[PDB]
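Participant: Have a look at this one.
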Ligand SMILES: Cc1nc(C)c(-c2cc([C@H](C)c3ccccc3)n[nH]2)s1
Ligand SMILES: [K+]
Ligand SMILES: [K+]
């Protein structure tokens, strides 16, 4: 039994099937009242909602599904004929995410790809019939935001207008990625400030006694 399974169980026992809103609220409740977990959450969720509503992307790529929260969040807004592709490195999480989408009734809009971003991204054109992406949501390993962004470019998957939306760029932080897209005149950058809440998690003090110079 894992934390991720417990999240899914809580949803299955408390949310109304076919109701994505209901699913989102159950995950947000669990991860902030019952047991802390990595979770985009409703505050940042509203920023995502506004971005999707503004740009109405049709083909969306998500890096890092975890338990499906972001997938449910985005896919519930996607229009008929839209496709969300989600890459998830961990088979257990990929399975959790599939169940999350089934329960929300959003599974027809999403294709979960199980594997590493740098192995999958070069396959998107040939194997998944992708010309260019409308939107990319980055939420996977923080040190892979910059190299995957460059890999997307090299593969020809970005067009003028493609929206990159990156989470957790402050905490834990992705300073190389932020410096690149802000520095490069090929990206127009807006930063939406929000919060990350921790609750009932393991922390600690370090005691360090100076021994003198050496
Ligand atoms: C090279 C990589 N390709 C993918 C698709 C990765 C990936 C990361 C995650 C989860 C969300 C995560 C996010 C942050 C820290 C730990 C775990 N899922 N999938 S890594
Ligand atoms: K820039
Ligand atoms: K503030």
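Every residue, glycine as well, gets a Cβ built from its backbone with ideal geometry; the counts of neighbours run over all protein chains shown. Where a number appears in this text, it was derived from the coordinates with a stated rule and is not lab data.
Participant: Restricting things to alpha carbons, find the Rg to Rh ratio for the stretch 87-214 using the Kirkwood radius for Rh. Don't skip to the answer; put the middle values down first.
Facilitator: Values: Rg = 18.9 Å, Rh = 17.6 Å.
With Rg and the Kirkwood Rh in hand, the quotient comes to 1.07.
Participant: Rg over Rh of the stretch 62-139, using C-alpha atoms and the Kirkwood radius, what does it come to?
Facilitator: On the way: Rg = 11.6 Å, Rh = 12.5 Å.
Rounded to two decimals, Rg over Rh is 0.93.
Participant: What is the Cα radius of gyration of the stretch 1-126 over 2.2 N^0.38 Å, N being its residue count? It would help to have the intermediate numbers written out before the result.
Facilitator: Details: Rg = 13.9 Å, N = 126, 2.2 N^0.38 = 13.8 Å.
Ratio of Rg to 2.2 N^0.38 Å for the stretch 1-126: 1.01.
Participant: Still on this structure: What's the whole-number percent of alpha carbon pairs in the stretch 99-166 lying beyond 14 angstrom? Don't skip to the answer; put the middle values down first.
Facilitator: Details: 1485 of 2278 pairs.
Counting pairs separated by more than 14 Å, the tail of P(r) holds 65 percent.
Participant: Could you work out the relative contact order of the chain, using alpha carbon pairs under 8 angstrom and six or more residues apart, expressed as a whole percent? Intermediate results must be reported in sequence, preceding the final value.
Facilitator: Numbers: 296 pairs, mean separation 41.5, N = 214.
It rounds to 19 percent for the chain.
Participant: Right, here's the next one. Suppose the chain between residue 36 and residue 6 were pulled fully straight at 0.36 nm per residue; how much longer would it get relative to their current alpha carbon spacing?
Facilitator: Length gained between residue 36 and residue 6: 9.7 nm.
Participant: Now for a different question. Among 154, 62, 25, determine the one that fluctuates most according to a GNM of the chain built with springs between C-alpha atoms less than 10 Å apart.
Facilitator: Comparing 154, 62, 25 in a Gaussian network model of the chain, the most mobile one is 154.
Participant: Then there is this: Pick out which of 30, 145, 195 has the largest mean-square fluctuation in a Gaussian network model of the chain, springs linking Cα atoms closer than 10 Å.
Facilitator: Ranking 30, 145, 195 by mean-square fluctuation puts 195 first.
Participant: To continue, here is another question. Treat the count of other C-beta atoms within 10 Å as a stand-in for reagent exposure and order 38, 74 from fewest to most. Present the calculation step by step, with values, prior to reporting the outcome.
Facilitator: Numbers: 38 15, 74 26.
In order of increasing Cβ crowding within 10 Å: 38, 74.
Participant: By how many nm would the segment from residue 202 to residue 186 lengthen if fully extended, with 0.36 nm per residue of separation less the alpha-carbon distance?
Facilitator: Numbers: separation 16, 0.36 × 16 = 5.76 nm, distance 4.14 nm.
My answer for the length gained is 1.6 nm.
Participant: Can you work out the base-10 log of I(q)/I(0) for the chain at q = 0.08, 0.10, 0.14, 0.16 1/Å, using the Debye formula on its C-alpha atoms alone?
Facilitator: Reported log10 I(q)/I(0), two decimals: -0.30, -0.46, -0.86, -1.10.
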